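Just model-v6.txt here, compact mmCIF, C-alpha atoms and all ligand atoms:
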# COMPACT_ATOMS: atom_id res chain seq x y z
CA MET A 1 -40.89 181.71 230.20
CA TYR A 2 -41.27 179.39 233.19
CA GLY A 3 -44.77 179.60 234.66
CA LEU A 4 -43.60 181.32 237.81
CA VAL A 5 -43.32 184.52 235.75
CA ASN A 6 -46.93 184.28 234.60
CA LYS A 7 -48.03 183.25 238.10
CA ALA A 8 -46.34 186.42 239.37
CA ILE A 9 -48.09 188.64 236.81
CA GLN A 10 -51.41 187.09 237.77
CA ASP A 11 -50.61 187.58 241.47
CA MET A 12 -49.60 191.22 240.97
CA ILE A 13 -52.69 192.17 238.93
CA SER A 14 -55.12 190.17 241.10
CA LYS A 15 -53.74 191.74 244.29
CA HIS A 16 -53.67 195.34 243.01
CA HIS A 17 -56.87 195.34 240.89
CA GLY A 18 -59.05 192.39 242.06
CA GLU A 19 -59.97 189.03 240.47
CA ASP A 20 -62.55 190.24 237.93
CA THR A 21 -59.98 192.49 236.23
CA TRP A 22 -57.51 189.57 236.13
CA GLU A 23 -60.20 187.31 234.68
CA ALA A 24 -60.88 190.00 232.06
CA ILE A 25 -57.15 190.41 231.25
CA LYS A 26 -56.78 186.61 231.05
CA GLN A 27 -59.71 186.41 228.58
CA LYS A 28 -58.40 189.20 226.29
CA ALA A 29 -54.91 187.63 226.10
CA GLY A 30 -56.73 184.53 224.80
CA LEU A 31 -55.68 182.40 227.78
CA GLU A 32 -59.11 181.52 229.28
CA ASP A 33 -58.21 177.93 228.31
CA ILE A 34 -55.37 177.84 230.88
CA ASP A 35 -56.97 177.26 234.30
CA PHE A 36 -53.80 177.92 236.34
CA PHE A 37 -50.12 178.45 235.57
CA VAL A 38 -47.69 175.65 236.45
CA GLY A 39 -44.70 177.33 238.16
CA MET A 40 -42.10 174.85 236.97
CA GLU A 41 -43.47 174.42 233.45
CA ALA A 42 -42.00 176.18 230.38
CA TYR A 43 -44.46 178.32 228.42
CA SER A 44 -44.13 180.10 225.10
CA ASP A 45 -42.98 183.67 225.75
CA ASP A 46 -46.05 184.85 223.79
CA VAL A 47 -48.10 183.93 226.85
CA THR A 48 -46.19 186.55 228.87
CA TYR A 49 -46.26 189.14 226.08
CA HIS A 50 -50.04 188.61 225.55
CA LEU A 51 -50.75 189.06 229.29
CA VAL A 52 -48.73 192.29 229.42
CA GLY A 53 -50.36 193.47 226.15
CA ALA A 54 -53.88 192.70 227.43
CA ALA A 55 -53.26 194.26 230.85
CA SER A 56 -52.03 197.43 229.11
CA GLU A 57 -55.30 197.69 227.17
CA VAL A 58 -57.53 196.83 230.15
CA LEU A 59 -55.82 199.05 232.75
CA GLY A 60 -55.15 201.91 230.32
CA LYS A 61 -51.44 202.09 231.21
CA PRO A 62 -48.50 201.51 228.86
CA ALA A 63 -46.96 198.03 228.81
CA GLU A 64 -43.56 199.50 229.77
CA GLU A 65 -45.06 201.09 232.88
CA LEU A 66 -46.42 197.65 233.77
CA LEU A 67 -43.01 196.06 233.10
CA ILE A 68 -41.37 198.45 235.54
CA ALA A 69 -43.93 197.63 238.23
CA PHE A 70 -43.73 193.88 237.57
CA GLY A 71 -39.91 194.00 237.83
CA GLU A 72 -40.32 195.53 241.32
CA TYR A 73 -42.89 192.90 242.30
CA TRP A 74 -40.75 189.97 241.14
CA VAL A 75 -38.00 190.49 243.75
CA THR A 76 -40.53 190.36 246.61
CA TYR A 77 -42.68 187.60 245.15
CA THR A 78 -39.84 185.11 244.62
CA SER A 79 -38.40 185.74 248.12
CA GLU A 80 -41.79 184.56 249.43
CA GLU A 81 -42.63 181.69 247.04
CA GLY A 82 -39.62 179.43 247.66
CA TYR A 83 -36.57 181.48 246.57
CA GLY A 84 -35.77 183.56 249.67
CA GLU A 85 -32.59 181.65 250.59
CA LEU A 86 -31.26 181.62 247.03
CA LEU A 87 -31.87 185.37 246.89
CA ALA A 88 -30.11 185.75 250.24
CA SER A 89 -27.17 183.69 248.91
CA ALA A 90 -26.46 186.33 246.23
CA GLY A 91 -25.48 188.98 248.79
CA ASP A 92 -26.31 191.96 251.01
CA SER A 93 -25.80 194.79 248.47
CA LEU A 94 -26.86 195.84 244.97
CA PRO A 95 -23.40 195.64 243.31
CA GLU A 96 -22.69 192.25 244.87
CA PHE A 97 -26.13 190.93 243.89
CA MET A 98 -25.58 191.86 240.24
CA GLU A 99 -22.10 190.27 240.12
CA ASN A 100 -23.72 187.09 241.50
CA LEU A 101 -26.72 187.07 239.17
CA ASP A 102 -25.11 185.07 236.34
CA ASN A 103 -24.22 182.41 238.93
CA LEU A 104 -27.60 182.55 240.71
CA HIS A 105 -29.16 181.68 237.32
CA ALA A 106 -26.68 178.82 236.78
CA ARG A 107 -28.13 177.29 239.99
CA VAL A 108 -31.72 177.76 238.82
CA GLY A 109 -30.89 176.29 235.39
CA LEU A 110 -29.72 172.93 236.77
CA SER A 111 -33.18 172.46 238.14
CA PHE A 112 -34.75 174.03 235.01
CA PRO A 113 -33.25 173.06 231.63
CA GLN A 114 -35.28 175.36 229.34
CA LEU A 115 -34.20 178.46 231.30
CA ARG A 116 -33.03 181.21 228.97
CA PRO A 117 -31.29 183.48 231.45
CA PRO A 118 -30.20 187.04 230.57
CA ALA A 119 -26.49 187.91 230.61
CA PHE A 120 -25.36 190.81 232.79
CA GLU A 121 -21.97 192.50 232.79
CA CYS A 122 -21.06 194.97 235.56
CA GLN A 123 -18.41 197.68 235.35
CA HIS A 124 -17.86 199.47 238.65
CA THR A 125 -17.04 203.14 237.95
CA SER A 126 -16.97 203.95 241.68
CA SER A 127 -17.94 202.46 245.07
CA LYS A 128 -21.31 204.19 244.50
CA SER A 129 -21.81 203.79 240.70
CA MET A 130 -21.67 201.24 237.84
CA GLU A 131 -22.57 200.62 234.21
CA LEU A 132 -24.64 197.54 233.53
CA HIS A 133 -24.72 195.76 230.21
CA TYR A 134 -27.88 193.72 229.74
CA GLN A 135 -28.04 190.99 227.09
CA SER A 136 -31.08 188.87 226.42
CA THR A 137 -32.71 186.32 224.16
CA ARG A 138 -35.90 188.36 224.63
CA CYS A 139 -36.94 191.70 223.18
CA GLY A 140 -38.41 194.67 225.08
CA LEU A 141 -37.82 193.73 228.73
CA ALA A 142 -35.36 196.51 229.52
CA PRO A 143 -38.18 198.32 231.39
CA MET A 144 -38.57 195.24 233.61
CA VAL A 145 -34.83 195.36 234.39
CA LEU A 146 -35.32 198.96 235.54
CA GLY A 147 -38.01 197.76 237.95
CA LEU A 148 -35.90 194.79 239.12
CA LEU A 149 -33.07 197.18 239.92
CA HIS A 150 -35.45 199.34 241.95
CA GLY A 151 -36.71 196.16 243.64
CA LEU A 152 -33.12 195.40 244.70
CA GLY A 153 -32.60 198.94 246.04
CA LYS A 154 -35.71 198.43 248.18
CA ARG A 155 -34.48 194.98 249.28
CA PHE A 156 -31.13 196.34 250.48
CA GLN A 157 -32.56 199.65 251.84
CA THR A 158 -30.51 201.53 249.21
CA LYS A 159 -31.37 204.65 247.18
CA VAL A 160 -30.96 203.78 243.48
CA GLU A 161 -30.96 205.88 240.31
CA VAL A 162 -31.16 204.09 237.00
CA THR A 163 -30.93 205.63 233.54
CA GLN A 164 -30.66 203.73 230.29
CA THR A 165 -27.79 205.11 228.19
CA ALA A 166 -28.12 202.77 225.17
CA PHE A 167 -31.14 200.98 223.69
CA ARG A 168 -31.36 198.04 221.27
CA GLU A 169 -33.91 200.19 219.43
CA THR A 170 -31.60 203.10 218.52
CA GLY A 171 -29.61 200.34 216.76
CA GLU A 172 -27.18 199.52 219.61
CA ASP A 173 -25.79 196.01 220.24
CA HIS A 174 -27.37 195.60 223.68
CA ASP A 175 -29.01 197.63 226.47
CA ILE A 176 -26.74 199.53 228.85
CA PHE A 177 -27.77 201.22 232.09
CA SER A 178 -26.07 203.77 234.28
CA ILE A 179 -26.63 203.14 237.97
CA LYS A 180 -25.88 205.33 240.99
CA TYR A 181 -26.56 203.94 244.49
CA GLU A 182 -26.15 204.47 248.25
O1 LIG A 201 -35.10 187.28 229.60
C1 LIG A 201 -34.79 188.43 229.96
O2 LIG A 201 -34.44 189.36 229.22
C2 LIG A 201 -34.83 188.76 231.46
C3 LIG A 201 -36.24 188.68 232.03
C4 LIG A 201 -36.18 188.80 233.55
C5 LIG A 201 -36.55 187.48 234.22
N1 LIG A 201 -35.83 187.27 235.50
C6 LIG A 201 -34.65 188.13 235.78
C7 LIG A 201 -33.97 187.69 237.09
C8 LIG A 201 -33.50 188.82 238.03
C9 LIG A 201 -32.87 189.92 237.44
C10 LIG A 201 -32.41 190.99 238.21
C11 LIG A 201 -32.58 190.98 239.59
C12 LIG A 201 -33.21 189.89 240.19
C13 LIG A 201 -33.65 188.81 239.43
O3 LIG A 201 -34.28 187.78 240.08
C14 LIG A 201 -33.53 186.57 240.42
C15 LIG A 201 -34.25 185.38 240.32
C16 LIG A 201 -34.96 184.89 241.41
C17 LIG A 201 -35.69 183.71 241.30
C18 LIG A 201 -35.71 183.03 240.08
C19 LIG A 201 -36.50 181.73 239.93
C20 LIG A 201 -36.55 181.31 238.46
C21 LIG A 201 -37.31 180.01 238.27
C22 LIG A 201 -37.81 179.68 237.01
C23 LIG A 201 -38.51 178.49 236.85
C24 LIG A 201 -38.72 177.63 237.92
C25 LIG A 201 -38.20 177.95 239.17
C26 LIG A 201 -37.50 179.14 239.34
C27 LIG A 201 -35.00 183.53 238.98
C28 LIG A 201 -34.27 184.70 239.10
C29 LIG A 201 -35.64 185.86 235.88
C30 LIG A 201 -35.91 184.84 234.76
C31 LIG A 201 -34.95 184.59 233.77
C32 LIG A 201 -35.22 183.65 232.77
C33 LIG A 201 -36.43 182.95 232.78
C34 LIG A 201 -36.75 181.92 231.69
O4 LIG A 201 -35.96 181.78 230.73
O5 LIG A 201 -37.82 181.30 231.79
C35 LIG A 201 -37.38 183.21 233.76
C36 LIG A 201 -37.11 184.15 234.76
Write-out of the structure in structure tokens:
Amino acid sequence: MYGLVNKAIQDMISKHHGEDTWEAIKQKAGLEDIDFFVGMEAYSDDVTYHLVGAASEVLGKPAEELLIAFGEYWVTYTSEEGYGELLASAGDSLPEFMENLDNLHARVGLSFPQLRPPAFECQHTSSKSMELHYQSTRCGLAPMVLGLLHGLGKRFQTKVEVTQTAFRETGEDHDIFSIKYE
């Protein structure tokens, strides 16, 4: 993924657990060679996976737990590192934000040609609920989506419940979430 993702992981871990832990996690992933991540440079996804994998081992938490937390961090981090207005441009509510997400990524992609954005499809079951279909070129990031959604709830001062109803790992086509929200 683009380096901003890896920069955000670094930032999250460094801030919550200190530099020495991050330096240890960086070493285990086998990325001691990389002196800093370049935010607008495309990396192999394995770099992200290896950082999550190594942080799971070093912190003694599951990777998925870390994905949830990172998903929550991402929404705040990007608002502060040059993406606040773009985020604002996608709306003042969770359902609106999700409807706008495919277009928000179209904007990013002009800038960044190797972007592999996920596809989202909303189906509004009420004015307080929706089912969300999540489709991706990447495997195992559903837990991050769960965090992202909870990041958005926090951003819009909204109570959000998210449950995954279908997983790519029970054989299903794509991930599907059920969402209820204030
Ligand atoms: O892949 C999967 O399954 C999904 C993994 C989730 C990754 N994630 C989900 C976005 C998202 C989802 C839900 C809610 C809020 C969200 O945040 C909105 C938002 C804000 C800011 C930016 C700046 C991007 C940028 C990238 C590079 C340079 C500058 C700017 C992007 C998006 C974004 C992402 C997608 C593809 C790539 C890539 O392909 O690398 C890298 C990152």
field: Of the listed residues A:59, A:1, A:75, A:87, that which approaches residue 46 (chain A) most closely, counting only C-alpha atoms
entry: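 Residue with the minimum atom-to-atom distance to residue 46 (chain A): A:1.
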Contacts of ligand LIG 201 (chain A), 7 Å or closer, only C-alpha atoms and all ligand atoms, given as an mmCIF file with C-alpha atoms, in the coordinates of the input:
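Done, and the output landed in result27.cif:
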data_model
loop_
_atom_site.group_PDB
_atom_site.id
_atom_site.type_symbol
_atom_site.label_atom_id
_atom_site.label_comp_id
_atom_site.auth_asym_id
_atom_site.auth_seq_id
_atom_site.Cartn_x
_atom_site.Cartn_y
_atom_site.Cartn_z
ATOM 1 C CA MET A 1 -40.890 181.710 230.200
ATOM 2 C CA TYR A 2 -41.270 179.390 233.190
ATOM 3 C CA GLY A 3 -44.770 179.600 234.660
ATOM 4 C CA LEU A 4 -43.600 181.320 237.810
ATOM 5 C CA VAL A 5 -43.320 184.520 235.750
ATOM 6 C CA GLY A 39 -44.700 177.330 238.160
ATOM 7 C CA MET A 40 -42.100 174.850 236.970
ATOM 8 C CA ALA A 42 -42.000 176.180 230.380
ATOM 9 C CA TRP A 74 -40.750 189.970 241.140
ATOM 10 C CA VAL A 75 -38.000 190.490 243.750
ATOM 11 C CA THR A 78 -39.840 185.110 244.620
ATOM 12 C CA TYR A 83 -36.570 181.480 246.570
ATOM 13 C CA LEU A 87 -31.870 185.370 246.890
ATOM 14 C CA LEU A 101 -26.720 187.070 239.170
ATOM 15 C CA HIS A 105 -29.160 181.680 237.320
ATOM 16 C CA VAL A 108 -31.720 177.760 238.820
ATOM 17 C CA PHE A 112 -34.750 174.030 235.010
ATOM 18 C CA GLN A 114 -35.280 175.360 229.340
ATOM 19 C CA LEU A 115 -34.200 178.460 231.300
ATOM 20 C CA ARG A 116 -33.030 181.210 228.970
ATOM 21 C CA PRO A 117 -31.290 183.480 231.450
ATOM 22 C CA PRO A 118 -30.200 187.040 230.570
ATOM 23 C CA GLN A 135 -28.040 190.990 227.090
ATOM 24 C CA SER A 136 -31.080 188.870 226.420
ATOM 25 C CA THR A 137 -32.710 186.320 224.160
ATOM 26 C CA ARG A 138 -35.900 188.360 224.630
ATOM 27 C CA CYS A 139 -36.940 191.700 223.180
ATOM 28 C CA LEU A 141 -37.820 193.730 228.730
ATOM 29 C CA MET A 144 -38.570 195.240 233.610
ATOM 30 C CA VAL A 145 -34.830 195.360 234.390
ATOM 31 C CA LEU A 148 -35.900 194.790 239.120
ATOM 32 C CA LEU A 149 -33.070 197.180 239.920
ATOM 33 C CA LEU A 152 -33.120 195.400 244.700
#
With a cut-off of 10 Å, could you pull out the residues of region 72-145 of chain A touching region 170-177 of chain A and give me the nearest pair of atoms for each, distance in Å to one decimal, using only C-alpha atoms, ordered by chain and ascending number, as JSON lines?
{"residue": "A:120", "atom": "CA", "partner": "A:176", "partner_atom": "CA", "distance": 9.7}
{"residue": "A:121", "atom": "CA", "partner": "A:176", "partner_atom": "CA", "distance": 9.4}
{"residue": "A:122", "atom": "CA", "partner": "A:177", "partner_atom": "CA", "distance": 9.8}
{"residue": "A:130", "atom": "CA", "partner": "A:177", "partner_atom": "CA", "distance": 8.4}
{"residue": "A:131", "atom": "CA", "partner": "A:177", "partner_atom": "CA", "distance": 5.6}
{"residue": "A:132", "atom": "CA", "partner": "A:177", "partner_atom": "CA", "distance": 5.0}
{"residue": "A:133", "atom": "CA", "partner": "A:176", "partner_atom": "CA", "distance": 4.5}
{"residue": "A:134", "atom": "CA", "partner": "A:175", "partner_atom": "CA", "distance": 5.2}
{"residue": "A:135", "atom": "CA", "partner": "A:174", "partner_atom": "CA", "distance": 5.8}
{"residue": "A:136", "atom": "CA", "partner": "A:174", "partner_atom": "CA", "distance": 8.2}
{"residue": "A:140", "atom": "CA", "partner": "A:175", "partner_atom": "CA", "distance": 10.0}
{"residue": "A:141", "atom": "CA", "partner": "A:175", "partner_atom": "CA", "distance": 9.9}
{"residue": "A:142", "atom": "CA", "partner": "A:175", "partner_atom": "CA", "distance": 7.1}
{"residue": "A:145", "atom": "CA", "partner": "A:177", "partner_atom": "CA", "distance": 9.5}
CA of residue 31 (chain A) to CA of residue 47 (chain A) measures 7.8 Å
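The interatomic distance for the pair CA of residue 129 (chain A) and CA of residue 69 (chain A) works out to 23.1 Å.
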Separating CA of residue 113 (chain A) from CA of residue 98 (chain A), to the nearest tenth of an Å, is a gap of 22.1 Å
- Task: Step by step: start from the point (-46.9, 192.5, 241.9) in the file's coordinates, keep every protein, DNA or RNA residue that has an atom no farther than 10 Å from it, count all atoms listed in the file, and write the set as a PyMOL selection string.
- Result: chain A and resi 8-16+66+69-77
Nearest candidate to residue 60 (chain A) (options A:25, A:169, A:103, A:125; using all atoms listed in the file)
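Smallest separation from residue 60 (chain A) among the options: A:25.
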Write out as a short mmCIF file (atom, residue, chain, number, x, y, z; two decimals) with C-alpha atoms, keeping the file's coordinate frame the residues lying within 8 Å of residue 48 (chain A), counting all atoms listed in the file and excluding same-chain residues fewer than 3 positions away.
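Listed below is the output, around.cif:
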data_model
loop_
_atom_site.label_atom_id
_atom_site.label_comp_id
_atom_site.auth_asym_id
_atom_site.auth_seq_id
_atom_site.Cartn_x
_atom_site.Cartn_y
_atom_site.Cartn_z
CA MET A 1 -40.89 181.71 230.20
CA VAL A 5 -43.32 184.52 235.75
CA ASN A 6 -46.93 184.28 234.60
CA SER A 44 -44.13 180.10 225.10
CA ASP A 45 -42.98 183.67 225.75
CA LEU A 51 -50.75 189.06 229.29
CA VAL A 52 -48.73 192.29 229.42
#
One residue among A:61, A:50, A:28, A:180 is nearest to residue 127 (chain A) when using all atoms listed in the file, and that residue is A:180
Near-residue 24 (chain A) list (9 Å; only C-alpha atoms; drop same-chain fewer than 6 positions) as a PyMOL selection string
chain A and resi 54-55+58
Dump C-alpha atoms for the selected residues as a short mmCIF file (atom, residue, chain, number, x, y, z; two decimals), keeping the file's coordinate frame?
data_model
loop_
_atom_site.label_atom_id
_atom_site.label_comp_id
_atom_site.auth_asym_id
_atom_site.auth_seq_id
_atom_site.Cartn_x
_atom_site.Cartn_y
_atom_site.Cartn_z
CA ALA A 54 -53.88 192.70 227.43
CA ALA A 55 -53.26 194.26 230.85
CA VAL A 58 -57.53 196.83 230.15
#
